[PDB]
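Accompanying notes for the structure given below.
Numbers restart at 1 for each chain; the letters A, B, ... are given by sequence-line order, proteins then strands. Any value given below was found using the heavy atoms of this structure, including those in side chains, with hydrogens, waters and symmetry copies removed. Indexing begins at 1, ligand by ligand and atom by atom, following the structure's order.
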Number of protein chains: 2
Amino acid sequence: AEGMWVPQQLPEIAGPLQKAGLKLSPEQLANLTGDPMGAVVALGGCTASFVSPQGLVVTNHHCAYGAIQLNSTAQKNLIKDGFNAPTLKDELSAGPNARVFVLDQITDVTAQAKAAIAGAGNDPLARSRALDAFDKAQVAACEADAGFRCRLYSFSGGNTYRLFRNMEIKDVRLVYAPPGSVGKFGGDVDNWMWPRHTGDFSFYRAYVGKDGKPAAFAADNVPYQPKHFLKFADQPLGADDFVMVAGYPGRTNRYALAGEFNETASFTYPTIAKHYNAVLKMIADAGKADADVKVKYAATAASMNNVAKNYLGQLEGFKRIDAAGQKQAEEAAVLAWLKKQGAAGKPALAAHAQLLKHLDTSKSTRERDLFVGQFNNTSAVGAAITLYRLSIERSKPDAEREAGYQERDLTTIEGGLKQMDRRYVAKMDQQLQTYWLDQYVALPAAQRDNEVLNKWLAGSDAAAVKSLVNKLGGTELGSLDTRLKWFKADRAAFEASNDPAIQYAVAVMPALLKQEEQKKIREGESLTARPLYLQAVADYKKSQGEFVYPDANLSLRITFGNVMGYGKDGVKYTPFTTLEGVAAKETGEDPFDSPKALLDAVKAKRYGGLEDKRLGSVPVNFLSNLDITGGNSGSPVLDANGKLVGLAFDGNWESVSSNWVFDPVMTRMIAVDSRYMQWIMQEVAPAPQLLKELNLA
Amino acid sequence: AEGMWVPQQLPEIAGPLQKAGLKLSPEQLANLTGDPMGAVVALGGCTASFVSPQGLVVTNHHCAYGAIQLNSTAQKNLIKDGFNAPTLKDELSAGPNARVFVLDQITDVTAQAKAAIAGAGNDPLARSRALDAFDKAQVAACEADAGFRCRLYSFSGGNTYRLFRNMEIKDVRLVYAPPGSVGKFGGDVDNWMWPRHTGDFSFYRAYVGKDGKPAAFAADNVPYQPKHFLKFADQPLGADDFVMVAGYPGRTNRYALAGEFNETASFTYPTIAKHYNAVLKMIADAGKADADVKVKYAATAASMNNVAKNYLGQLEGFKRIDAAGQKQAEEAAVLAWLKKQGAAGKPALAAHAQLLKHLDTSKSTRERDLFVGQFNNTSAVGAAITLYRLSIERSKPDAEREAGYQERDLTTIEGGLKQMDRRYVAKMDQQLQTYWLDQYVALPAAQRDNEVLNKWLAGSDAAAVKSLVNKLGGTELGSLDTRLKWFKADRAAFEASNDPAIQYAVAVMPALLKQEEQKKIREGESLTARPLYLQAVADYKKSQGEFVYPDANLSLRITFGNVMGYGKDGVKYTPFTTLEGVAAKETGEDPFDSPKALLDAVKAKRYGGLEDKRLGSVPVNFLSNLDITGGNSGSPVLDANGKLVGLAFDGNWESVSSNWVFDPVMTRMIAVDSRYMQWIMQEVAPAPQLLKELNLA
Ligand SMILES: NC(=O)C[C@H](N)C(=O)N[C@@H](Cc1ccc(O)cc1)C(=O)O
Ligand SMILES: NC(=O)C[C@H](N)C(=O)N[C@@H](Cc1ccc(O)cc1)C(=O)O
C-alpha cells in the first residue's frame, strides 16, 4: 500500500490493514508504548527493535556498520571478519554517539506552535526566532526528567507540529555481526537491486546505569529491561502474506514544487553523483596503499557509495515515469483548482508565488556553495569550525545558543571529536582538501569569490591548492587530546592560536554567521508560505481521491502491504531469493566471496530445519509493496500476528524515484527473512548464546 | 530440445517432434527440396528463407549489415537511416560476394573419403595432400553444370562425409532494412541479452539471368523463381507453442578434448576478448574524429563487438556450469569405459594419445602468431599478401592450386578487393597496424622472433613502430584501381615494386609458405585418430542414454522445442517482449533511440491489428528452448504448420557457453516475432510493396 502513515492516521488505514490480512486489532497498533509498537526503536537515521527482555536490539548490518568500523583495525577487521560476544562482558561499545530511542510520549502542539509563529508578526527573522524559542522551550520542559530526550517535528509543510518524548539510551554495545561477505553480500554491485542475497542484520544491546537511568559507557552499567520485545515468527512467510513495518523514514519530497524537483534532477543529483564517484576512487586507491586508511574511511566510503548509486537510480526513475511531466501537470492542476476557488484560493496562490521566487536564489552560487561547503566539512577544518563555534555559543545563556550547541548537545559534540580518532588519517584528509579546493579554483572568476578562501589560496592553480594544503598540514587537530582541550577553551584562546586550521575557522566564521542569518530569513518566509501551499496540494489530492499522508520527517510511520514481486517487459521478479541463489553468485572475489561454511552448507542442502517447502529452500530476501525510504533500514517487518518475519533494508532499482513521485507498480521493499538470520547464526557464523536468548534453539 | 539434428536423424526425432506439437508429418521434413525445407537457404555465415514466388528472401538485419554498410556513406547512411526499394529497379546490389545457396541434393561419400586418406600411405603431409585432391576433384565433378556450388562436409570427426549440391545465386540485392535504431535496437548493451526488443530483420531479392542461369550483377537480370517459399503465420504464436528451426549452424565444440576446451577457456577467449576490446576503442575514438571512418569500419566494429561480448559470455557460462569439471569427468569416463572394453578399446585409447600429443605445440608462439596474423590481415598489408600469393598460384595448374586461390574462387577474390573500397581508411589502418605492432614489440625477447618484422622495425618501441607504420603509409594499394591492376599481374611485377606493402608481402611470404606446410603436416596426423576417439565418446554417450548428434560444421540442421522462458534465483524471464518494453527502453541516445513514428505509434496504441490478447500488445521478441549457434542467424522459426512465426537472431547470456557444454536449463533462442516484422513495415519504417508481395496488406 502507498503511504507513510502517522500513528494518528490509524483510523483511516484500519480497514485497509484488515483487508490486507492484519489479524491484530488495529486498536492494538494504536498503543505506541504497548505490544508490539513499543518494541520498535529509533537509532537516529536507522530503525531497530527489542528482541529480548535483556535489551537485545536487532537492526541492519549497514546500520551497525559505523559501530563495527569504530571497533575495527587493519589487523582485526570486524567489517570483514564479523563479531560475536559470547557473554555480556565481551560486548563492545558501539561508540559515544550511539543511541537507542524508546518512545515515551507524542504530544500534538500545532495550536501552540502556530500561535508562537503568528505572534512574531511580519518579520521573517522574528518568525524563525519565535519557532526556535518555542522548540527550545517545549524540549526543555519535556527533558526536565533525567534520561529523556525530546524533539519537535513539523509535518505537512508546517500544518501540524508534534513533540516526541523518548528515553535516550546512551550505552549501546555490539553483540553480533555476520561477516561482511554475508552482511554486505554483493556490495555496491547488488546495492539498490533485486534479485538480492544479502544477510543484512546485526545485534546490539542497550545498557543503563545501575540506578536505572541512561548513562555513557561504564563497566558497572547493566542491560536495559524493555517493557516489550518482538518474537521471531513461528508461521512461515509466503507469497501474498500480509506484512507491515513501523519505523522512522527520514525525508520524502512528494509535496515538493515542480521547480524544487527540477533543480534536484538537473543539478543536485548528477553533481553529487559525479563528485562522490571521484572522491570514492581516491579513497579506494588510498585504501589499497594502507589498510588503516581503508578501515578508518570505511563508513564514509559505504555512505558515499550508497548516495551516489541512489542518485543515479533516481535520475533513471525520473525518466522511467516522466517525473518532470507529472510534477508540471500536478502543479498546473493545483494552481487552476485554486483559481476556480475565488478569493478563498488567493492566499495559497500567493504562497506558491513566494516559494517559486525562493528557487532562483540558489543558481550561480550553487557550485561554489557545494565545493566550499565540502572543503569546510573535511575533518581537521570541520573540527576547527565546530570547536570555534562552540566557544562563541558558550558565552551566551543556554536558551540563546544555536540548536546543536546547547548544554543538551555538549556530549554529542564531544562524542564526535572522540569518534574522529577512528575515522581520520591526515594523508587522506589532505587528498580530500585538495579535491574540493581543485573544484573551487577550476570555477570561473565571477563564481570563485569566497574572499577568505581566495586570501588563503592566494592563487587559482594547482600550486596555490598544494600551498594551502601544505599550510593546513601544520594543524594539531589530528590529535584527540588537542581536540578535547579545544572543546573546553574560551573564544579568546581560539583567536590567539597559530594553529592554521583554527586560524581558518576564525577567519571564515563572520561570513558563516551572515549566511546562517540569510537561511533563517528564508526559513521565516517559508514558515507562512509553505503550509498554505502544501495544504492546498493536500486538499486538491483529497478532491482527486488520492492518498494524503505527510512527507517523511524522521518521525514514527506505519506502512503495510503484502509479499509480492514486480515485473518489467519480458521479466517477472519472484518474491523470494533462496540459499542456492547466494551460491550461484559466488566468484571468490569481493563482494561475491561468501564464507566457506555457507558454500559448504548450501552444497549439502543443510537447511537446518528452516526450509520453506513452498520454495524448496531457506529464503534469503523477499519483496513486498510497502512504502519505505532512508531511515527505515532496520525496521522490523511484522506478519499478520505482529511477529518478526524480517528486517527492511533496501528497495529495488525502480523504487528509488518514489522519493519524488510514488510508483505503485515497481516500488518494492527488500527485506532479509528472519529464517535466513537464524540460518546464518546456526550454520555459518555461529551465535549459539544469541539463538538461546531469542528462544530459537 | 537439445540437438542440431542432420536431416537423416528425422526418424530418431519424429516422436519428440510430434510430442512437442508438430502438425506436419516428419516425412514432409525429410524432403529437403520440398515445402517447407526447400524455402530455407544458406547465405554463407547466415541462414535465410524464400518468402515470395519472385525470389524475395528474409534474414536478420545484422546478417544484411555488411550489405547496408557497402551501400552507405557519411552523407547517405543506410545503417542509421535504413532503406526501402518501392520497385525492382530501386534494389541496391548487396555486393559482388553476397550469395544465396538453394539445396539441390545430399549424397553420402563416406567410403570414397576414407579410401583417399587410407591409400595415402601413413605419412602426415601426404594425407593433407590426399583428402584435398579427393575433395577438389569431387567438387569439380559436382559443379559441372554452370550454376552450382558443391562442398564436402566432415561430420562426427570424420565418421561421416557428405557432398552438398547447391544452386549458387550471385546477384543478391537489398530490398529493405529498418533503421539501425530498430534493426540493432539496444546495440551491444542488449546483444546476447534477454529481455530483448530488437526488430532484427531485412529483405534481399535473388536475381538470375533471363536464361535462368545464376549470373553476377547485370542491370537486365530477372528475379529468381523459387520452387518453394514460406508463408507468414496466421495462427498467433503463444507461450508453450511448438516451434522448429532449419538452418546452417557454423561450428560447435561439444566433442572437443578437455585440453582443447582448457586452452580456449584459459588463453584464446580471454586473449581475443582483451585485444578486440582495445582495437574496438581505437575504431570508436577514430570514428568520432572522422564520420567517414565510422561508416567504413562499421561492419568489422559490429563483428568484433559481437565476438568479444560472446567470449566474455562463454567464460562466465563455463564458471556457471563447471564446464572444466564436466569435460574431465567425460574425458576420464570415456577412457575407463574403453579400458573396460579390452580388445575393442585399444584403437580409441591409442587415438586419444595421438591427439593429446598435438595440444602443447602452440604454447610459446600463440601471443606472437595472433599479433602477426592480425597485423598481416590488416587491410593494406592483407591485400598485398593475398594478391602476391595469387600471382604465385596463377603460374601453377588448377586441381593442384590451393583451395581459395583456384579458378572457382577468382570471382570471390576480386569481390574482396572491390568491397575493401567501402571499408578502407589510411589513418585508421595505420592506427590498426600501430596497435598490433605495439602488442608485438611488448613481448619478451625470446618470443619476439619474427626475422622480417624486427628487421623492418629496427628497434622494439613506439618510435620504431611509428617508423614502420609511417614507412608502410607510402603504399598506393589504398587505391581500388591499383588493387585490380595487381589482381591480374604475373609475379615478377610484384618483386620489382617499390610499394612498401608489396615489398613487405614479398619479404614475409617464404616464412608464410613454410608455416602453412607445417600447418598442413599437423592436420595430417589428426585425420585417423579424431574419428576413432569421437566415435567412442559418441557410443559412451549413446550408452548413458544422452542425445547423440554431430558438432555444427556449416551444413543444414533441424532443431525443435517450445516457446518458453527461463529463470534464476528471484527471477522468471517470460517468453515474450512487447511494444511497451521498446518505448520503456527509450533514452533518445544511441543505442536506445527509436524512430519517433515507433514511440508515437506505441504511446497512441497503434497496434495495427497485430496485438496478441494473451499479451495485451504486439509481441517483439520471444524465447524458446531450441539449440542454435552462429550461422543460425536469419533461420526461419516455423510453427506447428510450417508457417513462419519469426527469425532466429540471438541467445540469452547463459546460452553462449553451450558452444562447449550444452545446458538445457538456461539455453534459449531469441527470435524476432513475424507480427513485429509486419508491424514495423506497417506503422514505423513503411514498406507497402513488401506487405503486398508477402500477402499481409
Ligand atoms: N546497503 C544497503 O542496502 C543500503 C540501502 N541501499 C539503503 O540505503 N537503505 C535505506 C532504506 C531504503 C529502503 C528503500 C528505499 O527505496 C530507500 C531507502 C536505509 O539505509 O535506511
Ligand atoms: N547482433 C546480434 O544480435 C548478433 C547475435 N548476438 C549473433 O551472434 N547471432 C548468431 C546466432 C546465435 C544464436 C544463439 C547463440 O547461442 C549463438 C549464436 C548469428 O549471427 O548467427
Q.
Looking at A:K585, I want to see if its NZ is surrounded by more than 12 non-hydrogen atoms of other residues, nucleotides or ligands under 6.0 Å.
A. yes
Q. Would the A:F318 and A:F261 ring centres measure less than 6.0 Å apart?
A. yes
Q. So, are A:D627 and A:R254 salt-bridged, with charged N and O less than 4.0 Å apart?
A. yes
**Q.** Electrostatic pair B:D650-B:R196, nearest N-O below 4.0 angstrom
**A.** yes
Q | Set of side chain to side chain donor-acceptor pair (under 3.5 Å) partners for B:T577, sequence neighbours left out | A | none
Q.
Given a heavy-atom cut-off of 4.0 Å, could you list the residues near ligand 1 in chain and number order?
A. A:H62, A:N191, A:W192, A:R196, A:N306, A:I628, A:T629, A:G630, A:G631, A:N632, A:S633, A:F649, A:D650, A:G651, A:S655
Q) Counting only heavy atoms not in B:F547, do more than 12 fall under 6.0 Å of its CZ? A) no
